[PDB]
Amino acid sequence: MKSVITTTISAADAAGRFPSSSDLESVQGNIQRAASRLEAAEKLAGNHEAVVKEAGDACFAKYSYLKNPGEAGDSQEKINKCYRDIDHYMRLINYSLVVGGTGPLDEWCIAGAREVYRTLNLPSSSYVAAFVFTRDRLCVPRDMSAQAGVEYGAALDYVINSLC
């Protein structure tokens, strides 16, 4: 799981080194940034249902054609799965915010996503629309602190760039 801690430790391990000053300093950075990203994680975990609902609504409001027969949202079960997927992504972002790195996203949502979405006719633009809406909907300080939003928006941007 990609994080400050695992990245530094793996670097040391590859060179067969004990932790030294630079490794301790990296962890210190994790301590320093923890407050903002744990705030963002806590805010997201306490309100994810409304966030997911709004995001999925934005996806289908922007792409009504998804509800046409033969398309990804042509049945209620498929629409439900769309909202479920958005939920999975928000959960992985919650995890990324807690870990301090993109590891949970990289391993549990991004790896293999393109093969899945192409075999399943799930247009990438729809997920991107859900995440763009979420990023633009964030209101500071109404929803979280400035730096918490920097962390939250950065994770959302990382997801979007993975789908670009």
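Position 1 is the first residue in the sequence shown; the rest follow in order.
On average the C-alpha atoms of 137 to 145 have higher B-factors than those of the other stretch, with 152 to 160 and 137 to 145 being the two compared. Note on 115 to 123 vs 97 to 105: mean CA B-factor is higher in 115 to 123. Sorting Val52, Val128, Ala61, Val27 by the CA temperature factor given in the entry leaves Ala61 at the top. Looking at the C-alpha B-factors along this chain, the one for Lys78 belongs to the highest third. Among all modelled residues in this chain, the alpha-carbon of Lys43 has a temperature factor (C-alpha) in the middle third.
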